[PDB]
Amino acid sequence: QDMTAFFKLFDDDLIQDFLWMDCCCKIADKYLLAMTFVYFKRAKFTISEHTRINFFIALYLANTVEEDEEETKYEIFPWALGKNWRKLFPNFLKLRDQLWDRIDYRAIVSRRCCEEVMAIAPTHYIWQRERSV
């Protein structure tokens, strides 16, 4: 399971704080957290490239694709860039575009692919981040 290399990111402290911040799962839904893994494999990220910045740009790309409510995903900017995020997010978005280029613009992830990558380990808590109303 390639997923192991996906799951190390969710043991990180500041990451877990980012999840805890997103109670309503507005930007960190289980489907979004599945799409970012899809992005990881589509970009053919090595174990080396499983950085925190790559997780955030992939998550942001996922929100850009599947979420019409455009403003909530801006909450990602501080966690990835710090307190100086208001002057660091254009470069962050440039990195997102680079990732989008790297995956040959296949940013669309069908539900089937999401259910397949959520089926490898249904035990993990990130898949119980259901969203309702």
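Quick note: we count residues from 1 along the sequence shown, nothing fancier.
Relative to one another, 46 to 54 and 89 to 97 have unequal mean CA B-factors, and 46 to 54 is the one with the higher figure. The question of which stretch, 13 to 21 or 106 to 114, has the higher mean Cα B factor is settled in favour of 13 to 21. Ranked by C-alpha B-factor against the other modelled residues of its chain, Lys73 falls in the lowest third. Among all modelled residues in this chain, the alpha-carbon of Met35 has a temperature factor (C-alpha) in the lowest third.
Among all modelled residues in this chain, the alpha-carbon of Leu81 has a temperature factor (C-alpha) in the highest third.
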